[PDB]
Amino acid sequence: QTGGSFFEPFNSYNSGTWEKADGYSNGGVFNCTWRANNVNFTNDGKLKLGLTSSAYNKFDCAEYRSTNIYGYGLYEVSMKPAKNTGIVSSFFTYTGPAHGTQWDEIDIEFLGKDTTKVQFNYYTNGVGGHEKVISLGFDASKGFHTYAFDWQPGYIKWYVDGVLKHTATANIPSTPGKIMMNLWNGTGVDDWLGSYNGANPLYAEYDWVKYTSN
């Protein structure tokens, strides 16, 4: 059925790949407008997503999304999140009503508030609440480390620097989704994220992405 294996080095933009979110806010708990102009590719070949103030307590943030959808297989990122309260840095897979399907996502989240920790979650058809905070013995934000999840029909495995950190066993997502990375600040969730203190510009770097199909 879907999208085949690729390897993204982030030195050449080309069509039918990836698209940026621009000029709209996801609302609720994302307290920033997505700006296409906050997705910058560097000359050494790393996507650089940023969080910036447009106006005083008015912030803009950054999202990148694959045009195609991807299934079952191995997902790999080399990435450096932003450390700072009240923010998230992620790489996930997503589909939603938004796309005309059941909301299916698996994810890796770096809560800027603690980047010596990662949050593993997934959502099958709206039900999520499967969050696993693992403690990586380093600061994710002092450098580039590889983060994989093996999405399968029976389990989801998660790997930090080739080390198995978490497996998921009950009700695993089964709709193909887009690969999505972003940097956003939140409202309401002071509890989960901490409070964003207004500090900017913040940025998460993504060195490369690889999806290996089965």
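All residue numbers are counted from 1 along the displayed sequence.
Asker: Mean CA temperature factor from the deposited coordinates, higher in 202-210 or in 12-20?
Answerer: The recorded data point to 12-20.
Asker: Averaging C-alpha B-factors over each stretch, which comes out higher, 97-105 or 84-92?
Answerer: Averaging CA B-factors over each stretch, the winner is 97-105.
Asker: So among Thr146, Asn171, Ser66, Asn31, who wins on Cα B-factor in the entry?
Answerer: Each of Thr146, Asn171, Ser66, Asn31 was compared by C-alpha B-factor; the highest is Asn171.
Asker: Sort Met79, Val133, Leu74, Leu136 by C-alpha B-factor from the entry and give me just the highest.
Answerer: Of the candidates given, the C-alpha B-factor peaks at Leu136.
Asker: Going by the entry, which third of its chain does the Cα temperature factor of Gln152 land in?
Answerer: Within its chain, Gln152 is a lowest-third residue by C-alpha B-factor, going by the deposited values.
Asker: Where does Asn125 sit by CA temperature factor within its chain: lowest, middle or highest third?
Answerer: Highest third of the chain for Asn125's C-alpha B-factor.
Asker: Lowest, middle or highest third: where is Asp44 by C-alpha B factor in its chain?
Answerer: Top third by C-alpha B-factor.
Asker: Taking the entry's C-alpha B-factors for this chain, is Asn26 in the lowest, middle or highest third?
Answerer: Its C-alpha B-factor belongs to the lowest third of this chain's values.
Asker: Comparing against every modelled residue in the chain, figure out the third that the C-alpha B-factor of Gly188 lands in (lowest, middle or highest).
Answerer: According to the entry, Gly188 has a C-alpha B-factor in the chain's highest third.
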